[PDB]
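Participant: Have a look at this one before I ask anything.
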Amino acid sequence: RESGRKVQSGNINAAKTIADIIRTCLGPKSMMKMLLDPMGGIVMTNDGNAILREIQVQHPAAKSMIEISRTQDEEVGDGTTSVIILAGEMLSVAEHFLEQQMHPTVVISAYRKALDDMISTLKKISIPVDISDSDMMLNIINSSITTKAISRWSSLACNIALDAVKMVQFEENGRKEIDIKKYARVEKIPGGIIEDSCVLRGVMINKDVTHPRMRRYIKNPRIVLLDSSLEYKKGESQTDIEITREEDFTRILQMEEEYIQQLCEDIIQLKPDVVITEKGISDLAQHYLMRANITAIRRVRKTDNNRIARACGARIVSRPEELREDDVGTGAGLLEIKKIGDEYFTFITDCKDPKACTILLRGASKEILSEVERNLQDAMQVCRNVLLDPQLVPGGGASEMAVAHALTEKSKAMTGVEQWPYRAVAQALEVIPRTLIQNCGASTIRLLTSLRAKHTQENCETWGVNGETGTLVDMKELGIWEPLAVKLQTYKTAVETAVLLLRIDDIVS
Amino acid sequence: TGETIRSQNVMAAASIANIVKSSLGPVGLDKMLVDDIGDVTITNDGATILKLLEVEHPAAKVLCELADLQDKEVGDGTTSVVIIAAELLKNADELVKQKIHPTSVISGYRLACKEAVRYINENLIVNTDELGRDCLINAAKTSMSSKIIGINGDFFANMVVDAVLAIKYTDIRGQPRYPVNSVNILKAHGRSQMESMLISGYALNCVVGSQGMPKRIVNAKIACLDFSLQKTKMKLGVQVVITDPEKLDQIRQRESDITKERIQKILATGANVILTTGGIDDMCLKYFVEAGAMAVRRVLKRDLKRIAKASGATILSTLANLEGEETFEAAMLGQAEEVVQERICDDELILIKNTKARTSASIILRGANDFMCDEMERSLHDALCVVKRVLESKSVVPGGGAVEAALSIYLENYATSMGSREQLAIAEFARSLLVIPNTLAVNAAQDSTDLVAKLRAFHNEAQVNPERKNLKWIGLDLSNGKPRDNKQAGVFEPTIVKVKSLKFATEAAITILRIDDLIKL
């Protein structure tokens, strides 16, 4: 039985002490968190998702901090370190001045109006980026690969990642909102080397098909996706027992191949040389196709065959008795199975429903593959937010101090009770401008002062704090940039958490 | 035990009341609820959360039975009955501490409970049609959290309330009653939200057909299909004959022509518009156009089962008879006024006008976002709960918090001329009435003691009526609580909700004062 301010302050003390070490983990210059296991194990990370899952939390508000980090992780995966930083000082600064005065609902609606004023200010500060220029996309990826500070061959993986996500931009909800990255697929290769690879059309497959079971190479013939009914007929048109007897062998087998050859004649109408079958696939059905001069494929998961259907832009047929070129294998299509290393890798290019290209990476080992991949994993996060919003916001304290001022004149204009949470959120925005001064090592009281002074003149349009040089730098000149969409949802999550724990005054069993 | 268990009754129930005071109304708050070792739920509407929580005391146990007794019967006043009874426990205890029999207070508690429901009897209004329930526009307006839905706050609320309130719609499989069930209103975006309009009939998102099939049919007979198409499977059973190997391909294409006979038999019983939950090929659309039929494929089952219950007789959305594509025998047909194809959201969709067997009504909402679809869900749940209180309680009570101050005025005179100890029992029952404006202003983050003092200050005599708000009691707000007229921003209440909760509160309070033992082996 828990109630009152003590739940509220316990919500404060838990959410604050989480964000303390993790804001030192912020910045490309950061401070690693140390985690001593009781077995003596050591964790030295900055990424809060590995942090929050490893640490032991006893307050369910601290468990809810993981849940809003699970919220940001499942939508993006990045900024999960940053969503918990902003949510601390929202409830740290405003609450105890006002919950000694005890108005929960007013601070909720103050948290409402802190959100939309930030939204318009995002459109004030963000100039649009080119979604038709690689170099406009390049420097923002270069801002992301230097976070882990890996540019061995991640720099050439910048162009591989942008030529995947910009290509796979196709996603509808009635107004074509595209925030997809699952339509892209990386190639996980132990052989070859990264640099003489490039993006290929369609959606490339590495997950199950690693063998030339399709053909060796295909120029003209189409791909066939089969979720249709390929279960053979045991009786005349009946489902009797299967072959387990010589008496069951002679009668039934004549009608077993009879169901299959009708399907095979329907498929040869579009002239393939490759047919993959997933649902209803039988052992006899995929080897009369061997007699029908088509090498047939099974044992593939469904998410492969969503990619393979997007590798050709065709609809997977549920009609068994008629197949067309306008049903499976849209257009001519291309299928290329070549040797990279020792294994023969299936590429499916020439995607009709065009603009579909995926990632081809190949390390000299799997470890050499995996290190470049994580940088390209962060890179495909960024371009997906570029597809989500084609405007770029300056990094550092340029975005934060600009919004931190606009709440103040909003607080002077509205000048109700909500004016006091605005200035509190205005200071809650500055903690990432605060923590970069420890992420560099400079005097924090002077740099926050001069960043206010640059808002007086320059309005902090592109002059924010750098935790790399400790000075208030042009984000145009230094190339520290990020999309508006990743900035908004990071702030949107921190608004959601601050409203959440403000409702929490009782924790009972 | 004795007074200490009667103390333990009060101290347990006060803590339970503190939970649901922080969860009352839309300005109530969500509370963390440990139920397992790693599962904590965070909700309000505190009668629901007591079902989530586990009981600790028998004092805590008996009241979870009471709120669930309210909650099984109706969804309104469920968290409120908990707060009222705990106020009775502190009021009667001081009197028992003073000099008073526990028997004597609960008499005047129930006698005032008889007196208060007789105030509810004289505080009735049956005219709730143009007045609406909670100020027709404000029936959704406090529930439309004004983000991008308060800009049409009088526009939407004029539309969504009048479409459900007393006008026609069919209930489950054609029951005679005005709309108490969920309706065929759809949420979809496009071009605006000011273009959200009322339609006469049914909203259906569907995949229309185009090879020369009829686009608009008046006086249509509807076949609501549960069973799919795009082929019926057969490899033997027609044409066993063999002359050529070309004839073997002639065998297994006879699955086509057997469907041709069964479509005309579906057309023969009654059919003009074919609505299929599954898909229909254009080769399978050819079965319907040579018979003469309007086949619309890939019909959503959610809207279609609202139509299949509306269309009348034995329908294929309820049939289990299947032959791959079954054939009608006798009297399988659904009914409609007309089927007119419309341009809505700039999408050509089949807008089914009213079915015979209780003609209907629905709304096609338009938005600009998928977020517009989300907010109008709760702007659909609110009006349906408004209208359901109207149709089964035509006689309602004006004011739900305005009545609480005036009932305290109604009982002090009822206390005064009563006589003896019962007078003090009527008054402390009226002290329990004051908590309802008190818990709201704290939930609305306002002053409770100021707001309830405003309420009693508006008075001529002890009767809540929609005459005036400056010299009579009327209405409230769920976010302000200031007494307001019940067409602009005030409040109504069904008569059935209060008479149960006032009865249930004294029902709990009588048994608690019986408790004077803690005997145990």
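Labels for the structure tokens follow display order: chains A, B, ..., residues from 1 in each chain, ligands from 1.
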Identify, on the basis of only C-alpha atoms, every residue whose closest approach to range 250-260 of chain A does not exceed 6 Å; exclude the query and any residue fewer than 2 positions from it along the same chain; express the result as a list in words.
Facilitator: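 So, after excluding close chain neighbours, the residues are residues 232, 233, 234, 247, 248, 262, 263 and 285 of chain A.
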Participant: Please tabulate, as JSON lines, the residues of chain B that come within 6 Å of chain A, each with its closest pair of atoms and the distance in Å to one decimal, counting only C-alpha atoms and ordering rows by chain, then residue number upward.
Facilitator:
```
{"residue": "B:29", "atom": "CA", "partner": "A:503", "partner_atom": "CA", "distance": 5.1}
{"residue": "B:30", "atom": "CA", "partner": "A:503", "partner_atom": "CA", "distance": 5.5}
{"residue": "B:31", "atom": "CA", "partner": "A:504", "partner_atom": "CA", "distance": 5.5}
{"residue": "B:32", "atom": "CA", "partner": "A:507", "partner_atom": "CA", "distance": 4.7}
{"residue": "B:33", "atom": "CA", "partner": "A:508", "partner_atom": "CA", "distance": 5.3}
{"residue": "B:34", "atom": "CA", "partner": "A:509", "partner_atom": "CA", "distance": 4.2}
{"residue": "B:35", "atom": "CA", "partner": "A:509", "partner_atom": "CA", "distance": 5.9}
{"residue": "B:235", "atom": "CA", "partner": "A:237", "partner_atom": "CA", "distance": 5.1}
{"residue": "B:236", "atom": "CA", "partner": "A:237", "partner_atom": "CA", "distance": 5.1}
{"residue": "B:445", "atom": "CA", "partner": "A:103", "partner_atom": "CA", "distance": 4.5}
```
Participant: My list of candidates is B:59, B:258, B:105, B:336. Which is closest to residue 270 in chain B when distances are computed with only C-alpha atoms?
Facilitator: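 Nearest candidate to residue 270 in chain B out of B:59, B:258, B:105, B:336: B:336.
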Participant: Would you return as a VMD selection string the members of range 109-171 of chain B that DSSP assigns to alpha helix (DSSP H) on this structure's backbone?
Facilitator: chain B and resid 109 to 122 138 to 141 155 to 162
Participant: Would you put the residues from that selection into a file with N, CA, C and O atoms, as a tab-separated table (two decimals), in the first residue's frame?
Facilitator:
```
chain	number	residue	atom	x	y	z
B	109	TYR	N	-29.94	6.58	7.96
B	109	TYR	CA	-29.26	6.41	6.68
B	109	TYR	C	-30.17	5.81	5.63
B	109	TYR	O	-30.20	6.29	4.49
B	110	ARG	N	-30.94	4.78	5.99
B	110	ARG	CA	-31.84	4.17	5.02
B	110	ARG	C	-33.11	4.98	4.85
B	110	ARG	O	-33.72	4.97	3.77
B	111	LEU	N	-33.55	5.67	5.91
B	111	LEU	CA	-34.72	6.53	5.79
B	111	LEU	C	-34.43	7.72	4.89
B	111	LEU	O	-35.29	8.12	4.10
B	112	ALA	N	-33.23	8.28	4.99
B	112	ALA	CA	-32.83	9.30	4.03
B	112	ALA	C	-32.61	8.70	2.65
B	112	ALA	O	-32.85	9.36	1.64
B	113	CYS	N	-32.16	7.44	2.60
B	113	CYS	CA	-32.03	6.74	1.33
B	113	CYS	C	-33.39	6.52	0.68
B	113	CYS	O	-33.50	6.58	-0.55
B	114	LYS	N	-34.43	6.28	1.48
B	114	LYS	CA	-35.79	6.30	0.95
B	114	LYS	C	-36.19	7.71	0.56
B	114	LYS	O	-36.91	7.92	-0.42
B	115	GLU	N	-35.73	8.70	1.32
B	115	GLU	CA	-36.11	10.08	1.04
B	115	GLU	C	-35.37	10.62	-0.17
B	115	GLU	O	-35.92	11.42	-0.94
B	116	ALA	N	-34.13	10.18	-0.38
B	116	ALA	CA	-33.34	10.69	-1.50
B	116	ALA	C	-33.83	10.15	-2.83
B	116	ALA	O	-33.80	10.85	-3.84
B	117	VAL	N	-34.28	8.89	-2.85
B	117	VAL	CA	-34.78	8.34	-4.11
B	117	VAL	C	-36.16	8.90	-4.42
B	117	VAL	O	-36.58	8.93	-5.58
B	118	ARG	N	-36.87	9.38	-3.40
B	118	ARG	CA	-38.10	10.11	-3.65
B	118	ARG	C	-37.81	11.52	-4.13
B	118	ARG	O	-38.66	12.14	-4.78
B	119	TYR	N	-36.63	12.04	-3.83
B	119	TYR	CA	-36.19	13.25	-4.52
B	119	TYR	C	-35.86	12.94	-5.96
B	119	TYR	O	-36.09	13.77	-6.85
B	120	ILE	N	-35.28	11.77	-6.22
B	120	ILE	CA	-34.98	11.37	-7.59
B	120	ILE	C	-36.27	11.16	-8.37
B	120	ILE	O	-36.35	11.46	-9.57
B	121	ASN	N	-37.31	10.69	-7.68
B	121	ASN	CA	-38.62	10.52	-8.30
B	121	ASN	C	-39.21	11.86	-8.71
B	121	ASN	O	-39.81	11.99	-9.79
B	122	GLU	N	-39.05	12.89	-7.87
B	122	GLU	CA	-39.55	14.20	-8.26
B	122	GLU	C	-38.54	14.96	-9.10
B	122	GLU	O	-38.92	15.95	-9.75
B	138	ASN	N	-22.37	18.49	-26.16
B	138	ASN	CA	-21.38	18.19	-25.13
B	138	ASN	C	-21.41	16.71	-24.75
B	138	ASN	O	-20.67	16.28	-23.87
B	139	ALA	N	-22.30	15.94	-25.39
B	139	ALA	CA	-22.31	14.49	-25.20
B	139	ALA	C	-21.03	13.87	-25.74
B	139	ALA	O	-20.59	12.82	-25.25
B	140	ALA	N	-20.43	14.48	-26.76
B	140	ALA	CA	-19.15	14.00	-27.25
B	140	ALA	C	-18.03	14.99	-26.97
B	140	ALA	O	-16.86	14.62	-27.03
B	141	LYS	N	-18.36	16.25	-26.66
B	141	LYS	CA	-17.36	17.32	-26.70
B	141	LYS	C	-16.35	17.20	-25.56
B	141	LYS	O	-15.14	17.39	-25.77
B	155	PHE	N	-19.45	20.66	-34.93
B	155	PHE	CA	-19.78	20.09	-36.23
B	155	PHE	C	-19.97	18.58	-36.13
B	155	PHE	O	-21.01	18.05	-36.55
B	156	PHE	N	-18.98	17.88	-35.58
B	156	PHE	CA	-19.09	16.44	-35.40
B	156	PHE	C	-20.16	16.05	-34.40
B	156	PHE	O	-20.91	15.10	-34.65
B	157	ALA	N	-20.28	16.78	-33.29
B	157	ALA	CA	-21.19	16.38	-32.23
B	157	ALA	C	-22.64	16.65	-32.59
B	157	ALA	O	-23.55	16.05	-32.01
B	158	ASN	N	-22.88	17.55	-33.54
B	158	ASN	CA	-24.23	17.67	-34.07
B	158	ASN	C	-24.57	16.48	-34.96
B	158	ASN	O	-25.74	16.09	-35.06
B	159	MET	N	-23.56	15.88	-35.59
B	159	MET	CA	-23.80	14.80	-36.54
B	159	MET	C	-23.88	13.45	-35.85
B	159	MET	O	-24.82	12.67	-36.08
B	160	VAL	N	-22.91	13.14	-34.99
B	160	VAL	CA	-22.77	11.78	-34.47
B	160	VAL	C	-23.81	11.49	-33.40
B	160	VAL	O	-24.11	10.33	-33.10
B	161	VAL	N	-24.39	12.54	-32.81
B	161	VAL	CA	-25.38	12.32	-31.76
B	161	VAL	C	-26.76	12.12	-32.38
B	161	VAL	O	-27.50	11.21	-32.00
B	162	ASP	N	-27.10	12.94	-33.37
B	162	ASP	CA	-28.43	12.86	-33.98
B	162	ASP	C	-28.59	11.62	-34.85
B	162	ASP	O	-29.71	11.21	-35.17
```
Participant: Skipping near chain neighbours, those fewer than 3 positions away, what residues fall within 9 Å of residue 267 in chain B using only C-alpha atoms, listed as a PyMOL selection string?
Facilitator: chain B and resi 262-264+270-272+288+291-293+328
Participant: Please dump the current selection as a short mmCIF file (atom, residue, chain, number, x, y, z; two decimals), in the first residue's frame; keep N, CA and C atoms.
Facilitator:
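part18.cif was written with the following content:
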```cif
data_model
loop_
_atom_site.label_atom_id
_atom_site.label_comp_id
_atom_site.auth_asym_id
_atom_site.auth_seq_id
_atom_site.Cartn_x
_atom_site.Cartn_y
_atom_site.Cartn_z
N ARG B 262 -25.38 -23.43 -60.43
CA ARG B 262 -25.70 -23.12 -59.04
C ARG B 262 -25.84 -21.63 -58.81
N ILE B 263 -25.27 -20.80 -59.68
CA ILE B 263 -25.41 -19.35 -59.53
C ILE B 263 -26.82 -18.91 -59.89
N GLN B 264 -27.40 -19.52 -60.93
CA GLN B 264 -28.76 -19.18 -61.33
C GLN B 264 -29.78 -19.66 -60.31
N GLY B 270 -33.74 -15.52 -54.28
CA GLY B 270 -33.76 -14.08 -54.31
C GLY B 270 -32.35 -13.52 -54.31
N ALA B 271 -32.05 -12.68 -55.30
CA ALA B 271 -30.71 -12.13 -55.49
C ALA B 271 -30.74 -10.98 -56.49
N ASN B 272 -30.17 -9.84 -56.12
CA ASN B 272 -29.75 -8.83 -57.07
C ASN B 272 -28.31 -8.40 -56.87
N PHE B 288 -21.86 -14.71 -62.67
CA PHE B 288 -22.95 -13.88 -62.17
C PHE B 288 -23.52 -13.00 -63.27
N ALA B 291 -25.88 -14.96 -65.63
CA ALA B 291 -27.17 -15.08 -64.97
C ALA B 291 -27.84 -13.72 -64.85
N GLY B 292 -27.05 -12.68 -64.60
CA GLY B 292 -27.54 -11.34 -64.35
C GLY B 292 -27.53 -11.07 -62.86
N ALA B 293 -26.46 -10.44 -62.38
CA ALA B 293 -26.23 -10.29 -60.95
C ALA B 293 -25.13 -9.27 -60.72
N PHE B 328 -29.11 -22.70 -53.47
CA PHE B 328 -30.28 -22.44 -52.65
C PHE B 328 -31.35 -23.50 -52.88
#
```
Participant: Can you pull out every residue within 9 Å of residue 518 in chain B, counting only C-alpha atoms, but drop anything in the same chain fewer than 2 positions away, and send it as a ChimeraX atom specification?
Facilitator: /B:1-2,5,515-516,520
Participant: Could you list, as a list in words, every residue within 7 Å of residue 309 in chain B, counting only C-alpha atoms and ignoring same-chain residues fewer than 4 positions away?
Facilitator: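 Non-adjacent residues within range: residues 172, 173, 174 and 305 of chain B.
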Participant: Mind dumping the selected residues with N, CA, C and O atoms as a compact mmCIF listing (two decimals), in the first residue's frame?
Facilitator:
```
# COMPACT_ATOMS: atom_id res chain seq x y z
N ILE B 172 -29.82 -6.66 -33.13
CA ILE B 172 -29.26 -7.97 -33.47
C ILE B 172 -30.29 -8.93 -34.06
O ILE B 172 -31.29 -9.27 -33.42
N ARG B 173 -30.06 -9.31 -35.33
CA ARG B 173 -30.96 -10.13 -36.16
C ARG B 173 -32.37 -9.54 -36.27
O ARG B 173 -33.36 -10.25 -36.41
N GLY B 174 -32.45 -8.21 -36.22
CA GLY B 174 -33.73 -7.53 -36.38
C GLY B 174 -34.62 -7.50 -35.16
O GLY B 174 -35.75 -7.98 -35.22
N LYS B 305 -21.69 -8.90 -41.47
CA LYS B 305 -22.49 -9.57 -40.45
C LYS B 305 -23.42 -8.59 -39.75
O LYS B 305 -24.38 -9.00 -39.09
```
Participant: Excluding same-chain residues fewer than 6 positions from residue 103 in chain B, what lies within 9 Å of it counting only C-alpha atoms, as a ChimeraX atom specification?
Facilitator: /B:510,513-514
Participant: Store the residues picked out above in a file with C-alpha atoms, as a short mmCIF file (atom, residue, chain, number, x, y, z; two decimals), in the first residue's frame.
Facilitator:
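This went into part12.cif:
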```
data_model
loop_
_atom_site.label_atom_id
_atom_site.label_comp_id
_atom_site.auth_asym_id
_atom_site.auth_seq_id
_atom_site.Cartn_x
_atom_site.Cartn_y
_atom_site.Cartn_z
CA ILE B 510 -25.70 -1.79 7.53
CA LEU B 513 -21.96 -1.90 11.73
CA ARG B 514 -23.01 -5.44 12.63
#
```
